[PDB]
């Protein structure tokens, strides 16, 4: 479950932590920043002897230069210039690229101190699982693995099925529902998924559902009504009432209902929302923001002005009891946010456009 976070020094500039789930790697991605110095025990090749090298394990302190996280890998990938290490190896000033894993102890220091909000966020990662969602119709089968922080399409097949007039059409759909069910069970195992939601129009999803319950009785299985199969059907299921209850703890899913609420407001009541980093920050100072939906790449934007501005807004909205939802740009909600500068906000009251400083 949640990350062991433990402030060390008097000034609260140093923190010592150990990620214990993939959500804890995500929390590190949204939290860490170019300038923080991590202290990890890694290995590094060093020239010892004559025309010879040894992989010798050592402790390094690294001024972070790069924080990247690919979902479903169990790897927060970090890089930067080594600011401290053993003096004979001559590594000071050199680039060390490596990967924080689950179980990796790392101490990390921020020059201007860690906030109480930053730590609370860092300790919020109640290790939520990783569901699988699939969608089945007569044309298409897709399957995806869904975390709070990521979605990945693991299968996307066309059921190149006979026309219903064809003999052996009935056995060909049977093979196809086996191939589908098999693949669901395969990936629920490979990802340790408790729930497996199965979308689609009509009975194919139930035929597939029965096959997976047979092969995994411990696994929970939800059948959701949906207009079509494939990746569209998976993405359709994410917006249904059924799935928002069953997977209510997943940002990715959470995001779609605020996005829907934000867009329902942009039509009628334009002044009860804001978007774009600066306008969000403006209304955040006012204490206007109820929830803020954010693309995670804004936290790491190469422009210093917007990383400080986005952090200020996020810090402000949570200082006045607002919610902050951070998601990958590579996701069905994330894709709609590009035209709004990566950020959207729901406001508690109308704020006129000429009042937004």
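Positions refer to the first chain, counted from 1.
The question of which stretch, 77-85 or 229-237, has the higher mean Cα B factor is settled in favour of 77-85. For the pair 142-150 and 120-128, the mean B factor over Cα atoms is greater in 120-128. For the set 252, 133, 286, 267, the PDB entry assigns the largest Cα B-factor to 267.
Taking the PDB entry at face value, the top CA B factor among 306, 292, 28, 327 belongs to 306. Ranked by Cα temperature factor within the chain, residue 104 sits in the middle third according to the deposited record. Sorting the modelled residues of the chain by their CA temperature factor places residue 65 in the middle third. When all modelled residues of the chain are sorted by CA temperature factor, residue 207 is found within the lowest third. Compared with the other modelled residues of the chain, the Cα B-factor recorded for residue 16 ranks in the highest third. In this PDB entry, residue 47 carries a Cα temperature factor that places it within the highest third of its chain's modelled residues.
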